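Colleague: Take this structure first; my questions come after.
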2 protein chains.
Amino acid sequence: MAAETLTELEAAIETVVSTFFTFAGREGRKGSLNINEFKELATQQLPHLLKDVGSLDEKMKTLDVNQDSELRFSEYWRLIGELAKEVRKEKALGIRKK
Amino acid sequence: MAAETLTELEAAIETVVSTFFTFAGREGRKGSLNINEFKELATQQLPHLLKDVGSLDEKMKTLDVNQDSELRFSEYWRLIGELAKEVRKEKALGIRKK
């Protein structure tokens with residue numbers, strides 16, 4: 001089949017949204033999340049296993065990029081490239097069969 | 001900060017992977033998941049709330065597209081556009097503040 005609406009994966013959206021995206025709280029209104037606690041990302045995610053390497057500058061620019069990395073209003077499309085942040089490197093590392 | 005390695009969202013990868021992606025088992029080897037139970041997607045996800053409309057043909061072609069929608073070996077990048085399948089429509093619907 002095709003990926004029309006929210007597939008079973010939406011249930012997963014609850015984790016990703018209830019985890020880091022909860023930092024939305026930083027911004028008063030109940031619109032979106034910004035890049036305040038996001039700063040807790042590259043920093044804390046810096047030393048991973050198969051780390052990517054949160055380049056300082058990248059960590060700076062990306063703010064504007066994934067500004068609304070989380071959303072309460074319409075910027076949920078931001079999560080689009082978010083949930084992938086995990087899958088990206090996980091594409092290769094996924095090869096548990098080495 | 002920037003989305004270098006696996007951010008807190010990776011924890012969410014567990015749901016999406018442990019939910020629908022568990023259909024991988026369809027394929028003997030422990031490499032990847034295909035499009036057998038995926039056929040349970042558009043079909044079941046068909047009648048959603050803000051449904052997208054799993055077009056029959058689309059549901060057919062998408063197979064090849066999201067073939068390894070799930071992965072045990074390297075096709076995890078497939079999940080890249082997967083976890084988003086939820087976020088996509090959820091971008092607008094996200095607007096609980098209407």
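Count begins at 1; order follows the chain as displayed.
Including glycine, each Cβ sits where the backbone N, Cα and C put it.
As annotated in Swiss-Prot:
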BINDING   B:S32, B:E37  Ca(2+) 1 binding site
BINDING   B:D64, B:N66, B:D68, B:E70, B:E75  Ca(2+) 2 binding site
DOMAIN    B:18-53  domain 'EF-hand'
MOD_RES   B:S32  phosphoserine
Colleague: Compute the mean position of the Cβ atoms of B:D64, B:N66, B:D68, B:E70, B:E75, which form the recorded Ca(2+) 2 site, and then list in sequence order the other residues of that chain whose Cβ is within 8 Å of it.
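Modeller: Near the Ca(2+) 2 site, beyond B:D64, B:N66, B:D68, B:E70, B:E75, sit B:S32, B:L33, B:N34, B:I35, B:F38, B:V65, B:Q67, B:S69, B:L71, B:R78.
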Colleague: Go through the binding-site residues B:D64, B:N66, B:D68, B:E70, B:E75 and tell me which ones have a CA within 10 A of the CA of B:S32 (Ca(2+) 1 binding site).
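Modeller: Passing the 10 Å Cα cut: B:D68, B:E70, B:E75.
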Colleague: Where among the binding-site residues B:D64, B:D68, B:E75 do you find the Cβ with the fewest other Cβ atoms within 10 Å?
Modeller: B:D64
Colleague: For B:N66 (Ca(2+) 2 binding site) and B:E37 (Ca(2+) 1 binding site), what Cα-Cα distance in Å is obtained after rounding to a whole number?
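Modeller: Answer for this pair: 12 Å between alpha carbons.
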Colleague: Determine the Cβ neighbour count for B:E37 (Ca(2+) 1 binding site): the number of other Cβ atoms within 10 Å of its Cβ.
Modeller: 19
Colleague: List which of the binding-site residues B:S32, B:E37, B:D64, B:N66, B:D68, B:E70 have a Cβ under 8 Å from any Cβ of chain A, in sequence order, or say none.
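Modeller: Of B:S32, B:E37, B:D64, B:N66, B:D68, B:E70, the entries that lie near chain A are B:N66.
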Colleague: What are the helix, strand and coil residue counts for the domain 'EF-hand' (B:18-53) according to DSSP?
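Modeller: Each residue of the domain 'EF-hand' (B:18-53) counted once, the result is 16 helix, 1 strand, 19 coil.
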Colleague: Measure from the CA atom of B:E37 (Ca(2+) 1 binding site) to the CA atom of B:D64 (Ca(2+) 2 binding site) and give the result in Å, rounded to a whole number.
Modeller: 13
Colleague: When you measure from the Cβ of B:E70 (Ca(2+) 2 binding site), which residues in the chain that are at least 6 apart have a Cβ under 8 Å away?
Modeller: B:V17, B:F20, B:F21, B:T22, B:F23, B:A24, B:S32, B:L33, B:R78, B:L79, B:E82
